[PDB]
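Asks: what's the 3D shape of this:
(7 chains, ligands or ions: 19)
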Amino acid sequence: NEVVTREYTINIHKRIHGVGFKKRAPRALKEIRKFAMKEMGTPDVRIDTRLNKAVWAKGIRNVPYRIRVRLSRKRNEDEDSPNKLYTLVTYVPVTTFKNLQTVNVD
Amino acid sequence: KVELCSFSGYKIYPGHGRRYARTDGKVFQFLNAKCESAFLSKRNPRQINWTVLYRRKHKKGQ
Amino acid sequence: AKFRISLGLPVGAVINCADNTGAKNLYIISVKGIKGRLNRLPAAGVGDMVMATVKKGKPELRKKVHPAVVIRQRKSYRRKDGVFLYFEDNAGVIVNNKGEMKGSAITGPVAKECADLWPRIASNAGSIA
Amino acid sequence: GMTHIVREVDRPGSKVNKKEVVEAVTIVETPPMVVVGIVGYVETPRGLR
Amino acid sequence: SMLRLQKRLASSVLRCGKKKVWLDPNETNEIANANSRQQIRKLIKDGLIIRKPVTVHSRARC
RNA sequence: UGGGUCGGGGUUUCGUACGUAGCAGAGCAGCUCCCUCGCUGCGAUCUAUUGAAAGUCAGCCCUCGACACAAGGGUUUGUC
RNA sequence: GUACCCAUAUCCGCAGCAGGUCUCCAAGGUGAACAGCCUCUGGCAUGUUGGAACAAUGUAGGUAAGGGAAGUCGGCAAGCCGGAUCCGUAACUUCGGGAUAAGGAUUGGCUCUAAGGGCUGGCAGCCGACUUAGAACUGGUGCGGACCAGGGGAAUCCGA
Ligand SMILES: [Mg+2]
Ligand SMILES: [Mg+2]
Ligand SMILES: [Mg+2]
Ligand SMILES: [Mg+2]
Ligand SMILES: [Mg+2]
Ligand SMILES: [Mg+2]
Ligand SMILES: [Mg+2]
Ligand SMILES: [Mg+2]
Ligand SMILES: [Mg+2]
Ligand SMILES: [Mg+2]
Ligand SMILES: [Mg+2]
Ligand SMILES: [Mg+2]
Ligand SMILES: [Mg+2]
Ligand SMILES: [Mg+2]
Ligand SMILES: [Mg+2]
Ligand SMILES: [Mg+2]
Ligand SMILES: [Mg+2]
Ligand SMILES: [Mg+2]
Ligand SMILES: [Mg+2]
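Replies: Numbers count the residues shown, from 1 in each chain, chains lettered A, B, ... in the order given. Ligands and ions are numbered 1, 2, ... in the order given. I have put the structure below:
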């Protein structure tokens, strides 16, 4: 289960509660990176350009509250990193958010 | 003793809300600043939806 | 006795004169039975006697100092029962030094504090609270 | 926390007698305390020991 | 890896602005070998350097 | 009867979401079985769905619904 | 003589210095407008650095219940009105002004009605600009809904 991939619903409204207008989206992306660090555990985390667009879709001071993301921990195969494992974070679109829990996908 | 609000019609328990004594002599009870401002700015309780007067006029619950 | 109600009328307030003497407004110049603090305006509440002058009204009542009792205020003061209330405008009546009304009848409501402190003002019995 | 309360008063000779009042009232949770130790103190000319 | 010369030269070739020139990111090593306006024209005809359309300014609401 | 992240409730703030339907709508345009509220489309608002929708802890409350994690790490410290 | 900068980085100011330096071209929407605000052609990385937190003090910005100048040498600062349409405009005067004196009413949205033109033929037929006035309906009296933007009056002294 070292290469398993899961889906999560990160609450940005909780993590950017007190940052201020000009620093909401960068802090949100830093919080997504920290959430990946805490969930997967690999010090190397790469987020997708589609996820960046989904975060910056409403400007800087207006960040979507809940974001449904997908984390995939994959081996590096680059022989220049000590961890050799990196977490790719992608963004999946969803219309609703109620009754959505964290499940693993194949 | 629990009095009914003049604007919203809810029950004002002891220690809550305010009272307003007009120069004419009428004494109204306001539940909070929302209803206070709605009464001072001449808003219709029957036109405001969340009041009890609107529900009694439109037969919502009973 | 009288309790600590929210003082909302400092020195310099132009209140209405709710009586049939011939005075329109009263100008609060000081408060009876008060001790001041360095750079603190003597404030007045309800039922407390003050000294005042008539800025607009009868020429015979203008340009002279006379005692007055505040009967209505806009500053919401807490009743001992546990409710807050405030009137439409700041209004008071004129009296003598002993505490007797100068006019015959009063107009508008009268607060319970003033009505219980000064019996002669409640003797007119216009409207209580 | 704090919750106000309505209470009848007994003060005679006041404008509040036989009337209800609302007053601020604080609440503290005090579960039963378990006893563990016993300590003795002697009175020395320099204080307690 | 310095495409400043190519970005400046393709704009003058296409007779547009520097912001309207689009470079293929995967063929960066092939673009870097270009050093002439003829090479830039050849790459434009190929499809590695293209001209992006003008940003939409709708007049329907007007 | 470990903590954490989602989710579900409670509370709360604002005030009744988009869509749909209406023999509600100051009226307008097209058509004709010439039409006894004739049909169609447009038309600020209004009505039912609707005490609806939306946010609710990041310094709110409850959970044993679901996911992963955990005795994993570095430095230093004794009185014949 | 012909390159280049012509500038909050190629000039001067001891420098990649919020300073100074003469000219041409100049769009769309709102709006009277080259006002202010938002976009297109064209440029840019926020002006000699970034990460974490949001203590006091400070520099700019906005509100605050009741009183409204009672503070201060002083209404200093701040604050009120601020555009347009319709009525009404005082004392004085050199008769030109004062004057946007002062003081009042309206301002949104969607359907309408009426008026304001040109061209072809011996009174009829088509073509296109946005202006005004009135009325109906309607929104939780909100309507210059952002931006734009005269506080006023009574007098003294001086200087047309
Ligand atoms: Mg690398
Ligand atoms: Mg909405
Ligand atoms: Mg040249
Ligand atoms: Mg400079
Ligand atoms: Mg300059
Ligand atoms: Mg223009
Ligand atoms: Mg125009
Ligand atoms: Mg920078
Ligand atoms: Mg510079
Ligand atoms: Mg104030
Ligand atoms: Mg106020
Ligand atoms: Mg005033
Ligand atoms: Mg004064
Ligand atoms: Mg002085
Ligand atoms: Mg000033
Ligand atoms: Mg005069
Ligand atoms: Mg004048
Ligand atoms: Mg017409
Ligand atoms: Mg001069």
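Asks: What's the local residue count around residue B:13?
Replies: By other C-beta atoms under 10 Å in any protein chain shown, the residues close to residue B:13 number 15. (C-beta placed from N, C-alpha, C; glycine too.)
Asks: right, and it touches residue B:2 too?
Replies: Yes - using C-beta atoms under 8 Å, residue B:13 makes contact with residue B:2 at a distance of 6.0 Å.
Asks: Of all residues in chain C, which one is nearest the centre?
Replies: Geometric centre of chain C, nearest residue: residue C:70, 1.0 Å, by C-alpha atoms, centre = their mean.
Asks: can you count the residues close to the closest residue to it other than its chain neighbours?
Replies: Distances taken as C-beta to C-beta, 6 or more residues apart in numbering or on different chains place residue C:92 nearest to residue C:70, at 4.2 Å, with adjacent residues excluded. Close neighbours of residue C:92, defined as other C-beta under 10 Å, add up to 30.
Asks: contacting residues for residue 10?
Replies: Here I'm looking at chain A. Contacts for residue A:10 (C-beta atoms under 8 Å, 6 or more residues apart in numbering or on different chains) come out as A:31-32, A:35, A:66-67, A:69.
Asks: was after chain D, sorry
Replies: If you count contacts by C-beta under 8 Å, 6+ apart, residue D:10 has them with residue D:17.
Asks: Now it: phi and psi?
Replies: With angles defined as degrees, to the nearest 10, residue D:10 sits at phi -120, psi 0.
Asks: what sits against residue 3?
Replies: I went with chain A, as the question did not name one. A:72-75.
Asks: meant chain D actually
Replies: Counted by C-beta under 8 Å, 6+ apart, residue D:3 has contacts D:25, D:27.
Asks: what about it, distance to residue C:76?
Replies: Distance from residue D:3 to residue C:76, counting by C-beta to C-beta, to the nearest Å: 22 Å.
Asks: so where do the strands sit in chain A?
Replies: A:5-11, A:44-47, A:66-75, A:85-91, A:104-105 (DSSP state E).
Asks: how about the ones you listed, which one is nearest residue E:27?
Replies: With C-beta to C-beta as the measure, strand A:44-47 is the member of the strands of chain A nearest residue E:27 (22.9 Å).
Asks: By proximity to chain D, which residue of chain E wins?
Replies: Chain E approaches chain D most closely through residue E:61 (54.3 Å), counting by C-beta to the nearest C-beta.
Asks: helices or strands next to the lengthiest helix in chain A in the packing?
Replies: Scanning chain A for the longest helix, with DSSP state H as the assignment, gives helix A:25-39. Where contact means 3 or more C-beta pairs under 8 Å, 6 or more residues apart in numbering or on different chains; DSSP states H and E, helix A:25-39 is packed against strand A:5-11, helix A:12-15, strand A:44-47, helix A:49-55, strand A:66-75, strand A:85-91.
Asks: tell me the most buried of these?
Replies: By mean neighbour count, with neighbours taken as mean count of other C-beta atoms under 10 Å in any protein chain shown, strand A:85-91 ranks first of the helices and strands packed on helix A:25-39 at a mean of 19.
Asks: Go ahead and flag the most central residue of chain A.
Replies: Chain A, centroid-nearest residue using C-alpha atoms, centre = their mean: residue A:32 at 4.3 Å.
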